[PDB]
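Everything below concerns the one structure shown next.
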Amino acid sequence: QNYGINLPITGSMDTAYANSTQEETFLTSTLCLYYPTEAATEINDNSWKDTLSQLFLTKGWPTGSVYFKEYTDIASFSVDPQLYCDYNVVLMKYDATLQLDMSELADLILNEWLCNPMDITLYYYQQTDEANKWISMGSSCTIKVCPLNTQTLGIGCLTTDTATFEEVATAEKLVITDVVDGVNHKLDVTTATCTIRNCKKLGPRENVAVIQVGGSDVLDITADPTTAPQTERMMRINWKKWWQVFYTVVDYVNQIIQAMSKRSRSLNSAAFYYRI
Amino acid sequence: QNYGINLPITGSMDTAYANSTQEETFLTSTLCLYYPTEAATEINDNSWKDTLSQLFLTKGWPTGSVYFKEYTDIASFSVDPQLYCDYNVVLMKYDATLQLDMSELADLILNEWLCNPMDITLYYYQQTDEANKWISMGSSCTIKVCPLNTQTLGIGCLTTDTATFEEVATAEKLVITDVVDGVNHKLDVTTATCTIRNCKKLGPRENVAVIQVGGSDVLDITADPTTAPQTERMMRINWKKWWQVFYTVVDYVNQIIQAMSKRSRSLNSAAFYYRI
Amino acid sequence: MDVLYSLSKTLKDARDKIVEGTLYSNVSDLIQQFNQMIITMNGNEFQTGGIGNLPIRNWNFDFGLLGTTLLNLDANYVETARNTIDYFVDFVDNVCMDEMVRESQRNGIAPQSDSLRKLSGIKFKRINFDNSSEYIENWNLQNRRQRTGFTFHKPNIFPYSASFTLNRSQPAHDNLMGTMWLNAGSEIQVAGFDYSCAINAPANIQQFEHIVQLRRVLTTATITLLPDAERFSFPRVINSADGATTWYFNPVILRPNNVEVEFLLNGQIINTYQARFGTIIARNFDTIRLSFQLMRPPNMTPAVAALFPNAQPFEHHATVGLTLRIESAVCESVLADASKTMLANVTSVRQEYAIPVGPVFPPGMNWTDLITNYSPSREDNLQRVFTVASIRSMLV
Amino acid sequence: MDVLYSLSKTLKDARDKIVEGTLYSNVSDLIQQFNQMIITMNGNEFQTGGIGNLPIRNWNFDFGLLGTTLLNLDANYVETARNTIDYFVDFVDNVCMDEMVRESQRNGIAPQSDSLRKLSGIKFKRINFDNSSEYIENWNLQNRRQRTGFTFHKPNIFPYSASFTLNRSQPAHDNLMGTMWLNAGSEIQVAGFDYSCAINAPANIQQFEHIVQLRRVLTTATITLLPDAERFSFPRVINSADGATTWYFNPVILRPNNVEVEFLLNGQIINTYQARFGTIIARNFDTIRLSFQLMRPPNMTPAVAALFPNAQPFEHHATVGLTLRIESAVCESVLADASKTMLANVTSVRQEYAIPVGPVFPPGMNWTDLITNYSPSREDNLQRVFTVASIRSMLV
Ligand SMILES: *[C@@H]1O[C@H](CO)[C@@H](O)[C@H](O)[C@H]1NC(C)=O
Ligand SMILES: *[C@@H]1O[C@H](CO)[C@@H](O)[C@H](O)[C@H]1NC(C)=O
Ligand SMILES: [Ca+2]
Ligand SMILES: [Ca+2]
Ligand SMILES: [Ca+2]
Ligand SMILES: [Ca+2]
Ligand SMILES: [Ca+2]
Ligand SMILES: [Ca+2]
Ligand SMILES: [Ca+2]
Ligand SMILES: [Ca+2]
Ligand SMILES: [Zn+2]
Ligand SMILES: [Zn+2]
Ligand SMILES: [Zn+2]
């Protein structure tokens, strides 16, 4: 009711715990499962979605509340991951060659971003703070950078000649560009094919959990080299069949949801802060 | 916040006024000016965006803060409008023929919406309360309605025969359908080229301003026939040249922003909140 | 205190009763009292203090007695008495001024000036006689911890406060729900405003509650309760709680619904009035809880229906008022009121002689600060200076 | 009260001094006082105890005087005295118990039991003599409205309260800024915690404030102030404010910065200590304002730099603390404390005889509820029962 203003909340250290709200949340919340195409390929069962829905129903989720979304691969899914369920579980297959992209994908959907437009060829752009990144997304993101000095002359690059621009991204579906802060950079991007946005990492996103299937711990959702935070929403499982993976996800859905929380930026309380 | 949103805020009616926050707002905000193609065509300058940015700088905005987005026309712009900056001023050209489409676009961008997906092919949908509408967007949105009764048989229509449906929309980019509340309806929509969502108008969107270029006051952002609220964010100007229009927008940017409230910008750029 | 009051009372009685032509039997007791005062005061030296700009004054008493042999008083007798009375009145006025401009944090009820401390000695107790004024009566009663009472017409009990609470708010400040109030002196004007007119409230009712905590208990209070708050019924531009911006208020007054005024003492309900507005009695209370509801009128003429749309923008904001005036009450503690001049006298004396701010009272004897922080030490010092002010006003 | 105390004091003296072999000159004045007491009480009927399970006891006094003629006391004298003393001690104990279990909203300072009402009569005032105990001395001073004083070791001035305030919080409770405190008895332990370690705070400083409003003014208070709050310095899983969920607190303690402890009276700074730890003195205050700061260390070793990342997740939460113990203080009102047994005596008596809850005190004489809502009526009743309990403990 008092939207758009922060008020202190006081609580006594002896208030009685409410009962478990897990059953009510499962009843009144939707769960979107994101899996690669090859998972459905290897399952081969036409009615597998219905079977998993019934299994979730045995786990307490009402029929039709759980959604099963499909994506081709990590690179294509990364073009614009749009997660709209209350709870999102993204199954991500591991690949040694795609490690950074995997990280990028995680860094794109495990955190909340406030993104403004970027108009290259008309503005020079700085990255103000640690949280100011440039998120480029599209069919093919190729980004080249020319750092300017205080006199606007490029450093190791000629503003007139784009060919001398230092190159940071080549044919990427998603790329997070972090440049030196306090330096104005001219940018060259395939605007017709990729869009770049000036984004601020506001904070973690709590309704999305990425389960990495096979591999080891490789995700890095923070640009700082000295931190590789393995949060509770980044899980990892060893596998040989996708059916076992899905059965594990259904069986331990309580643990998955416990590691997740309702999107704070969303819902009525966060009204006139950013969204809703 | 959320643990204190439902807590009172108390203020004394003698608290001294703070200084103007306009300069700080411009220093920390982003401005998005939306104009039609004819504007850029008529200006016929390749450095007019730079001119506008520099003039805004004279008016206090930093260099890379004012952004320019072009749309073909009112009907095209209404397909998934994307409001990007903190402050979004839309120069909407007036047409005596596009009156309802102007009203629908203004309704969609001057109010906040909470939208859920509809399955017209399976379920029969009804509009619960006076705020419950249907919003259909697409390349070609044609929507036909068959009202039903408590026994599910149609009235003036047959569910099997779509041809008898009481058509409400044809060849539309954006349409806001408002049917009688409490009556179950069966819908035929071009699901191939049209997406229809069950939406609720939560409230005003205060960071979007609409300047109607030319014409009279014809906007009707409210379905209720008895009310046509003209708000601070629904401006109207008379024009002969687009350059004078943009000069007027730049010069009175103080008044325009002062007529808009920040903190209304969502994390996403959509005109609606999508909830599964 | 009783001795200073007795001196002043004797001098006032002598001024009123020692008049040309009067029967000696009219003044016999008064003359004996006055001569007792002369005998007691003779041979004593007093110094009224030099605090602030109040000048140091020395007082020496060597007076003759008033005659007792006349049958009727004559002009010579009256003038002879008036000389002594004038000296005594000047002395008592200076003693009262010296006491009023002093305070202490330990024994604020005890004398603070040198003259009043000297007068507290046993030898001056002979001067003591009829202690009939309200303030001296209360002083003697509370010295024995007997139940006291001060009667106040319009007791200045509420510290000045013009505030508002918002229960529904947002940066646009165009759909606001809350209350605004002025608690000033003996009056409370409160108003609950809902901008939507309870369009989406359950039963279309918006409940408003206002709680006022009195710093002292009031008894036998007569109170007027009017439905409307005329202070919050016109358009206003009101600062925000943090002062960042202003918001517009455009009230349209609806009669409050289910009005319930509770008067409580120590959290227990003593008095309760429901939908009553003429004149009510709160017999003993320290808290006032006002409940009033904005009920959306189910039936509206076209103008009324137009004023209240189903959704935003809301331009005519439904406001329900309330006005509570404590016309008269009784408090066991001294209070400023509309009729008495004690506070004004003490403040005037402290301002005239530029008394430095002390450790007990707020600067300038500001009543809002005092009644907000009405501590027992402040109460003791205030009762002392108010009793002394009344004693002074008997003469000056 | 003075008469009951005089009876008890006479009996205690008689128990301690009327001993075999003692010189009569050691007891002569006491024997006179005792004989006066016997003479006054002879021929009087008392009834004690008709509330709760307290039995009805009837008391009749027909006793002989003690002799005056001996040089040293012998066995006969001691035996006669002992029989009389036993009866009188039983009577005084029962009268004290009868008074301790009664309360009144109106005149709770005045006697409640019938026996103490009878003993307030003039025909018993002869019993009155040396009133030397702090509680009876305070009682007499309060009767005359002189400044009273109760000395307390570890006064129980703070009602028990273990709560917290979150100034920044989110549903996941992983980036939290706020304060948590225990205000219990004579101790205040307050800790300000920032999960980001003030990474984004202006100047890398997070300000924490904590205000404790004492229900009574304290004077001449000795305070231990220690930098750390050990109670809030270990990993803890805490219920949320509404109790719908639990959150995690993994503190890492940094020393507080710009520690400013203010002791305020009427909202004015009486005492103020800036970065002072150990023993401090608060001479007169009713409020304690503790303001401290988490200052992010400008220089860190690799371990410290690792504790506090630049952004979430924050696994180590920077906490600053403060511990404030009131060792000894003086209050104008009775209070429970660690050394006295008045509250324990009254509670024990009310529990042993199943005294129904009254209109003044909370059930079970709960001290937290009593000092939370320490009203004047509660204060008067409590001073009465505490004085009676101190009188009782002289004999029982
Ligand atoms: C909570 O759980 C308890 C224990 O099972 C049960 O008695 C109660 O009905 C439940 N619901 C509520 C609302 O307390
Ligand atoms: C506000 O404006 C006043 C007057 O122009 C000026 O003195 C002051 O420094 C300004 N800044 C603040 C923070 O009040
Ligand atoms: Ca990549
Ligand atoms: Ca180069
Ligand atoms: Ca950077
Ligand atoms: Ca890293
Ligand atoms: Ca249309
Ligand atoms: Ca038809
Ligand atoms: Ca409808
Ligand atoms: Ca309308
Ligand atoms: Zn406000
Ligand atoms: Zn001890
Ligand atoms: Zn919480």
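What share of the DSSP beta bridges in chain B is antiparallel, in percent to the nearest 5?
For chain B, the DSSP antiparallel bridge percentage is about 55.
Hey, can you grab everything whose amide H is under 5 Å from the amide H of B:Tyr71? Only 5+ residues off in sequence or another chain; H modelled, so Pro and N-termini drop out.
B:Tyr35, B:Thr37
If the range D:302-370 were replaced by its equivalent ellipsoid, with semi-axes equal to the square roots of 5 times the Cα gyration tensor eigenvalues, what would those be, largest first, whole Å? The partial results should precede the final answer.
On the way: eigenvalues 454, 63, 23 Å².
Taking √(5λ) for each Cα gyration eigenvalue gives 48, 18, 11 Å.
Restrict the search to the range D:90-138; then list the chymotrypsin sites (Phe, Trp or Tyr not before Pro) that DSSP places in a loop and that have at most 16 other Cβ atoms within 10 Å of their Cβ.
none
Within 10 Å of each Cβ in peptide C:171-180, how many partner chain Cβ atoms are there on average? Round it to a whole number, please.
Mean inter-chain Cβ contacts per residue within 10 Å come to 5.
Between A:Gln258 and D:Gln351, what FRET efficiency comes out of the Förster formula 1/(1 + (r/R0)^6) with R0 = 60 Å and r the beta carbon distance, rounded to 0.05?
Computed FRET efficiency for D:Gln351 and A:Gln258 comes out at 0.85.
Going 7 Å from the Cα of B:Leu7 in the Cα-to-Cβ direction, what parts of the range D:199-236 have a backbone nitrogen less than 12 Å from that spot?
Hits in the range D:199-236 for B:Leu7 at 12 Å: none.
I'd like the distance between the alpha-carbon centres of the range A:117-134 and the range D:344-364, rounded to an integer number of Å.
Their Cα centres are 72 Å away from one another.
If you count the DSSP beta bridges with both ends in the protein assembly as shown, what percent of them are antiparallel, to the nearest 5?
Counting DSSP beta bridges with both partners in the protein assembly as shown, the antiparallel share is about 80 percent.
Rule-of-thumb check for the range B:1-117: C-alpha Rg over 2.2 N^0.38 Å?
On the way: Rg = 19.0 Å, N = 117, 2.2 N^0.38 = 13.4 Å.
The value comes to 1.42.
For a distance above 16 Å, tell me the whole-number percent of Cα pairs in the range D:18-62 that qualify.
59
Given just the C-alpha atoms of the range D:217-306, how large is their convex hull per residue in cubic angstrom?
147
Take chain A, connect every pair of alpha-carbon atoms lying under 10 Å apart with a spring to form a Gaussian network, then pick out the residue of A:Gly156, A:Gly11, A:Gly203 with the largest mean-square fluctuation.
A:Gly11
Which whole-angstrom value gives the distance between the alpha carbon centres of the range A:234-276 and the range A:144-218?
Centre-to-centre distance over Cα atoms comes out at 29 Å.
Considering only C-alpha atoms, what is the centroid distance from the range C:131-198 to the range B:1-62, in Å?
43
Express in % the proportion of alpha carbon pairs of the range A:66-200 at distances exceeding 21 Å.
So the portion of pairs separated by more than 21 Å is 45 percent.
List the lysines whose Cα sits under 22 Å from the Cα of B:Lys133, skipping any in the same chain fewer than 8 residues away.
B:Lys144, B:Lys173, B:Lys186, B:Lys200, B:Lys201
If you plug each phi of the range A:72-89 into the Karplus form 6.51 cos²θ - 1.76 cosθ + 1.60 with θ = phi - 60°, what whole-Hz ³J(HN,Hα) values come out, in order, with x for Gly and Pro?
Each residue's phi maps through the Karplus curve to give 5, 8, 4, 4, 6, 4, 5, 4, 7, x, 10, 9, 10, 7, 4, 10, 10, 10 Hz.
If you split all Cα-Cα distances of the range D:249-373 into 5 Å bins from zero, what percentages do you get per bin, shortest first?
So the P(r) values, bin by bin, are 2, 8, 12, 13, 11, 10, 11, 10, 9, 6, 4, 2, 1, 0.
Can you give the helix-only mean residue ellipticity at 222 nm for chain D, where every DSSP H stretch with n ≥ 4 adds -39500 (n - 2.57) and the sum goes over all residues, rounded to the nearest 500 deg cm²/dmol?
Roughly -9000 deg cm²/dmol at 222 nm, from the helical runs in chain D.
Starting from the Kirkwood radius over alpha-carbon pairs of the protein assembly as shown, derive D by Stokes-Einstein at 10 °C in a medium of 1.306 mPa s and give it in µm² s⁻¹.
Here the translational diffusion coefficient equals 41 µm²/s.
Determine the shielding of peptide B:256-267 by partner chains: average, over its residues, the number of Cβ atoms on other chains within 10 angstrom of each Cβ.
Mean inter-chain Cβ contacts per residue within 10 Å come to 5.
Taking only Cα atoms of the range C:1-155, what ratio of Rg to Rh do you get with Rh as the Kirkwood inverse-distance radius?
With Rh from the inverse mean 1/r over Cα pairs, Rg/Rh is 1.00.
Given only helices, namely DSSP H runs of n ≥ 4 each adding -39500 (n - 2.57), what is the per-residue ellipticity at 222 nm of chain B, to the nearest 500 deg cm²/dmol?
Theoretical 222 nm ellipticity from helices: -5500 deg cm²/dmol.
Search the structure for amide H atoms under 5 Å from the amide H of A:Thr30, placed 1.01 Å from N in the peptide plane, and list their residues when 5 or more places away or on another chain.
Close amide H contacts, sequence-distant or interchain: A:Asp86, A:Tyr87.
For the range D:341-396, what does the alpha-carbon gyration tensor say about shape, rounded, prolate or oblate, given a ≥ b ≥ c as the root eigenvalues, a/c under 1.5 as rounded, and a/b over b/c as prolate? Show your work: numbers first, answer last.
On the way: a/c = 2.00, a/b = 1.35, b/c = 1.48.
Since a/c reaches 1.5 but b/c is at least a/b, the shape of the range D:341-396 is classed as oblate.
Rounded if a/c is under 1.5, else prolate if a/b is larger than b/c, else oblate: which is the range C:56-98, with a ≥ b ≥ c the root eigenvalues of its Cα gyration tensor?
prolate
What ratio of Cα Rg to 2.2 N^0.38 Å holds for the range D:157-199?
1.35
Who wins for biggest fluctuation among D:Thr287, D:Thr148, D:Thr246 in a Gaussian network model of chain D, springs between alpha carbons below 10 Å?
Comparing D:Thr287, D:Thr148, D:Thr246 in a Gaussian network model of chain D, the most mobile one is D:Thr246.
What is the set of long-range amide H partners of D:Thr272 at a cut-off below 5 Å, with H atoms built 1.01 Å from backbone N?
Residues meeting the amide H criterion: D:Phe263.
Among C:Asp74, C:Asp174, C:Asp242, which one shows the highest mean-square fluctuation when chain C is modelled as a Gaussian network with alpha-carbon springs under 10 Å?
C:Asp242
Looking at the range C:249-311, which trypsin sites (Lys or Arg not before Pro) are DSSP coil and have at most 15 other C-beta atoms within 10 Å of their C-beta? Display every interim value, and only then the final one.
Details: sites: C:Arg276, C:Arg283, C:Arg289; in loops: C:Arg276.
For trypsin sites (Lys or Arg not before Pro) across the range C:249-311 that sit outside H, G, I, E and B with at most 15 neighbouring Cβ atoms in 10 Å, the list reads C:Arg276.
Rounded, prolate or oblate: which fits chain D when a ≥ b ≥ c are the square roots of the eigenvalues of the alpha-carbon gyration tensor, with rounded for a/c under 1.5 and prolate only if a/b beats b/c?
prolate
Report, largest value first, the span of the C-alpha coordinates of chain B along each principal axis, in whole Å.
Taking the Cα atoms of chain B, the three principal extents are 66, 54, 32 Å.
How crowded by other chains is C:141-154, given as the mean number of beta carbons from other chains within 10 Å of each beta carbon?
1
For a quick check: sort B:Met92, D:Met394 by the number of other beta carbons within 10 angstrom, fewest at the front.
Arranged by neighbour count, lowest to highest, B:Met92, D:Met394 become D:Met394, B:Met92.
Count neighbours as other Cβ atoms within 10 Å of each site's Cβ, and list the trypsin sites (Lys or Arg not before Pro) in the range C:113-160 that are DSSP loop with at most 15 such neighbours.
Those that pass, being in a loop and sparsely packed, are C:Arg144, C:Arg145, C:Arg147.
Mind checking Rg over Rh on the range A:158-276, alpha carbons, Kirkwood formula for Rh?
1.06
Each residue of the range B:240-253 in turn: what ³J(HN,Hα) in whole Hz from Karplus with 6.51, -1.76, 1.60 and θ = phi - 60°, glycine and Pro shown as x?
Using θ = phi - 60°, the values come out as 10, 10, 6, 5, 5, 4, 5, 4, 5, 5, 5, 4, 9, 4 Hz.
Cα to Cα, under 17 Å, and not fewer than 8 places away if on the same chain: which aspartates and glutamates meet these conditions relative to D:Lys17?
D:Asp29, D:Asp74, D:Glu79, D:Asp86, D:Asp130
Where a number appears in this text, it was derived from the coordinates with a stated rule and is not lab data. No Cβ is skipped: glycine too gets one built from the backbone with ideal geometry, and neighbour counts run over all protein chains shown.
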